[PDB]
Structure formats: C-alpha cells, structure tokens
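Chemist: If you scroll down you'll find the structure; I have some questions about it.
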Amino acid sequence: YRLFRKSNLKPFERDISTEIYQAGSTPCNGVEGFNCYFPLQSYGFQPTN
Amino acid sequence: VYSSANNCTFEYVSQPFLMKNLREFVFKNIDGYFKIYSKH
C-alpha cells in the first residue's frame, strides 16, 4: 500500500511511483530513516494474522 | 514518436486500413474516462 502520498486523490485513480516522499520534517530526498521515505509499504500478511 | 516505452497497461489495435476538409475533436478525461468526439 502507498505508505503516504500528499492528500486525497480523485475517485478511481491509482498511485504507482518510487518518489521518495519527504513526509517527515525535512525535505530529504534520500531513501528512508527520516523525512525521505519510500512511497510504498507492504502488508504483513501471515497465516497467524 | 514510437520510442522506448515501458510496462504498458492498456492496448487496443483497430482494424488495419490504407490512406479541403475539417476534422474537429474533443478530449474529455473525467473520473478516469477518456471521451472522444469527432466530425468530418
């Protein structure tokens, strides 16, 4: 699932990208850790869930 | 124009053909739907 992307999209529209969103405090354009974050996050789907 | 494309999602091919005038169109992309008008 898209980790985070700005605000509400319009109905029936997708979100595929590798844009490293700087949702955190600084406008970092790195990879992860703080600020600069990957736009997508994966679910922890296990049979134990 | 035909260039290095990528993971293509939609693809429709019309029937092949071989080819003073007006040709007026309309493009409408509303709620994810692309609408085309025409007149000759």
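Residues in the structure tokens are numbered from 1 in each chain, the chains being A, B, ... in the order shown, and ligands are numbered from 1 in the order shown.
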Would you please give, as a ChimeraX atom specification, all residues of region 6-46 of chain A that DSSP assigns to strand (DSSP E) based on the backbone?

Modeler: /A:21-22,36-37

Chemist: Could you write out as number ranges by chain the residues of chain B within 12 Å of chain A, counting only C-alpha atoms?

Modeler: B: 7, 29-33

Chemist: Could you save the residues just selected, with N, CA, C and O atoms, as a PDB file, in the first residue's frame?

Modeler:
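Output saved as part27.pdb:
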ATOM      1  N   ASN B   7       6.036  -0.519 -18.980  1.00  0.00           N
ATOM      2  CA  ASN B   7       5.033  -1.519 -18.633  1.00  0.00           C
ATOM      3  C   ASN B   7       3.649  -1.071 -19.084  1.00  0.00           C
ATOM      4  O   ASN B   7       2.912  -0.420 -18.337  1.00  0.00           O
ATOM      5  N   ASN B  29     -11.336  13.779 -20.168  1.00  0.00           N
ATOM      6  CA  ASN B  29     -10.836  12.810 -19.195  1.00  0.00           C
ATOM      7  C   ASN B  29     -11.484  13.140 -17.852  1.00  0.00           C
ATOM      8  O   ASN B  29     -10.931  13.888 -17.045  1.00  0.00           O
ATOM      9  N   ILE B  30     -12.665  12.573 -17.618  1.00  0.00           N
ATOM     10  CA  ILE B  30     -13.452  12.840 -16.420  1.00  0.00           C
ATOM     11  C   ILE B  30     -13.602  11.539 -15.645  1.00  0.00           C
ATOM     12  O   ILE B  30     -14.096  10.542 -16.187  1.00  0.00           O
ATOM     13  N   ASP B  31     -13.182  11.555 -14.378  1.00  0.00           N
ATOM     14  CA  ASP B  31     -13.298  10.403 -13.481  1.00  0.00           C
ATOM     15  C   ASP B  31     -12.640   9.160 -14.074  1.00  0.00           C
ATOM     16  O   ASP B  31     -13.144   8.043 -13.940  1.00  0.00           O
ATOM     17  N   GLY B  32     -11.502   9.354 -14.733  1.00  0.00           N
ATOM     18  CA  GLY B  32     -10.765   8.247 -15.302  1.00  0.00           C
ATOM     19  C   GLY B  32     -11.296   7.711 -16.612  1.00  0.00           C
ATOM     20  O   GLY B  32     -10.892   6.617 -17.021  1.00  0.00           O
ATOM     21  N   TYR B  33     -12.182   8.439 -17.286  1.00  0.00           N
ATOM     22  CA  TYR B  33     -12.758   8.006 -18.552  1.00  0.00           C
ATOM     23  C   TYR B  33     -12.393   9.006 -19.638  1.00  0.00           C
ATOM     24  O   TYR B  33     -12.644  10.206 -19.489  1.00  0.00           O
TER      25      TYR B  33
END

Chemist: Could you name the residues that touch region 17-26 of chain B at 6 Å or less, counting only C-alpha atoms, but leaving out those on the same chain fewer than 4 positions away, as number ranges by chain?

Modeler: B: 36-40

Chemist: Keeping only N, CA, C and O atoms, write those residues as a CSV table (one decimal), in the first residue's frame.

Modeler:
chain,number,residue,atom,x,y,z
B,36,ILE,N,-14.0,10.7,-26.6
B,36,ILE,CA,-13.6,11.3,-27.9
B,36,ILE,C,-14.8,11.6,-28.7
B,36,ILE,O,-15.7,10.8,-28.9
B,37,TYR,N,-14.8,12.8,-29.3
B,37,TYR,CA,-15.8,13.3,-30.3
B,37,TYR,C,-15.1,13.5,-31.6
B,37,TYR,O,-13.9,13.7,-31.6
B,38,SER,N,-15.9,13.6,-32.7
B,38,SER,CA,-15.3,13.8,-34.0
B,38,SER,C,-16.4,14.2,-34.9
B,38,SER,O,-17.6,13.9,-34.7
B,39,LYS,N,-16.0,14.8,-36.0
B,39,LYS,CA,-16.9,15.2,-37.1
B,39,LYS,C,-16.1,15.6,-38.3
B,39,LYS,O,-15.1,16.3,-38.2
B,40,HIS,N,-16.5,15.2,-39.5
B,40,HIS,CA,-15.8,15.5,-40.8
B,40,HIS,C,-16.8,16.2,-41.7
B,40,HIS,O,-18.0,15.8,-41.9

Chemist: Could you give me, as a count of residues only, the residues within 8 Å of residue 31 (chain A), counting only C-alpha atoms and dropping anything in the same chain fewer than 6 positions from it?

Modeler: 3

Chemist: Just to confirm, what's the straight-line distance from CA of residue 24 (chain A) to CA of residue 36 (chain A) in Å (one decimal)?

Modeler: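 Calculated distance between CA of residue 24 (chain A) and CA of residue 36 (chain A) is 6.8 Å.
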
Chemist: Tell me which protein, DNA and RNA residues are within 12 Å of residue 18 (chain A), counting only C-alpha atoms, leaving out same-chain ones fewer than 3 positions away, and put them as a list in words.

Modeler: residues 2, 3, 4, 5, 15, 21, 29, 30, 31, 36, 37, 38, 39, 40 and 41 of chain A

Chemist: Could those residues be written to a file, using C-alpha atoms, as a PDB file, in the first residue's frame?

Modeler:
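Result written to part-v9.pdb:
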ATOM      1  CA  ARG A   2       1.140   3.547  -0.687  1.00  0.00           C
ATOM      2  CA  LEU A   3       2.939   4.481   2.539  1.00  0.00           C
ATOM      3  CA  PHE A   4       1.720   8.075   2.095  1.00  0.00           C
ATOM      4  CA  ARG A   5       1.126  10.460  -0.814  1.00  0.00           C
ATOM      5  CA  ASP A  15      -0.756   5.512  -7.262  1.00  0.00           C
ATOM      6  CA  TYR A  21       8.220  11.322  -0.239  1.00  0.00           C
ATOM      7  CA  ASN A  29      15.423  13.134  -0.891  1.00  0.00           C
ATOM      8  CA  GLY A  30      17.323  10.076   0.323  1.00  0.00           C
ATOM      9  CA  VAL A  31      15.806   6.608   0.806  1.00  0.00           C
ATOM     10  CA  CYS A  36      12.725  10.957   2.933  1.00  0.00           C
ATOM     11  CA  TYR A  37      10.600   7.796   2.889  1.00  0.00           C
ATOM     12  CA  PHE A  38       9.692   5.154   0.337  1.00  0.00           C
ATOM     13  CA  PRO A  39       6.230   5.856  -1.139  1.00  0.00           C
ATOM     14  CA  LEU A  40       5.078   2.227  -0.754  1.00  0.00           C
ATOM     15  CA  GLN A  41       4.673  -0.043   2.277  1.00  0.00           C
TER      16      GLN A  41
END
